[PDB]
Amino acid sequence: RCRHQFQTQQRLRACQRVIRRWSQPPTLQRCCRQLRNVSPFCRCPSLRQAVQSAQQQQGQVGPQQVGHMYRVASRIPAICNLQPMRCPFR
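Residues numbered from 1 in each chain as written, not as in the entry; some residues may be left out. Heavy atoms only, no water.

- For this deposited structure, the header cites X-ray crystallography as the method used and 1.69 Å as the resolution.

Below you can see the structure in the form of structure tokens.
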């Protein structure tokens, strides 16, 4: 259950911070360690939850900005050399 892994690896708190960072230990290194601890099958699902979760920490976020948060997140597996490297977030 990807949901469990997300919660277990600190709801990818560091990736939340990276996703906020770019949508308007070093943080990225922590992100990639939290995400590595999630199973490959569950990384994109968990990044989805990180994006949702990062929305809470900041003001109301418009749908353009939210899409940008998803865009950032989708680049994180590849940045970290983590399979599956990309997330479509369909």
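Brief notes about the packing of aromatic side chains
- Per the counting criterion, the structure on display carries 1 aromatic pair.
- Pairing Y70 with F89 gives two aromatic rings, centres 5.2 Å apart and planes at 70 degrees, and the pair type is edge-to-face. Of this pair, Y70 sits in helix α5 (residues 63–79) while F89 sits in the segment after α5, placing them 19 residues apart in sequence. Like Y70, the residue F89 is buried in the burial classification. (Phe/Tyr/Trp six-rings, centres within 6.5 Å; stacked < 30°, edge-to-face > 60°. Helix = DSSP H or I, 4+ residues; strand = E, 2+ residues; numbered from the N terminus. Buried < 20%, exposed > 50% of the residue type's maximum accessible area, 1.4 Å probe, protein only.)

Quick look at helix α3 (residues 27–36)
- Of the positions making up α3, those classed as buried are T27, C31, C32, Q34 and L35. Buried residues of α3, viewed axially, fall in a sector of 160 degrees; they line one side.
- Contacts from the buried residues of α3 go to α2 (13–21), α4 (40–57) and α5. (Arc of directions from axis to C-beta. Contact = heavy atoms within 4.5 Å.)

Overview of the packing of α4 against α5
- Remark: α4 packs on α5, axes separated minimally by 10 Å, with the N-to-C direction vectors making an angle of 140 degrees. Compared by their axis directions, α4 and α5 come out oblique. Note that α4 runs across α5; the crossing there is right-handed. Here α4 contributes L47, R48, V51, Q52, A54 and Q55 to the contact with α5, which in turn contributes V66, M69, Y70, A73, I76 and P77. (Axes fitted to C-alpha atoms, helices over the stretch in contact; angles between N-to-C directions. Parallel < 35°, antiparallel > 145°, perpendicular 65-115°, else oblique. Left-handed = near helix turned anticlockwise from the far one by under 90°.)

Re the state of the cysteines
- Considering all chains together, one arrives at 4 disulfides under this definition.
- Across the disulfide from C32 sits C80; the S-S distance is 2.0 Å. Its torsion about the S-S bond being -75 degrees, the disulfide of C32 and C80 is classed as left-handed. One end of the pair, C32, is in helix α3; the other, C80, is in the segment after α5, and 48 residues separate them in sequence. Take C32 and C80: they sit in the same class, and that class is buried.
- Covalently, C44 is tied to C87 through a disulfide, its sulfur atoms 2.0 Å apart. Disulfide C44-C87: the torsion about the S-S bond is -85 degrees, which places it as left-handed. Taken together, the residues span a long stretch of sequence, with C44 in helix α4 and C87 in the segment after α5 at a distance of 43 residues. (Disulfide = S-S within 2.5 Å.)

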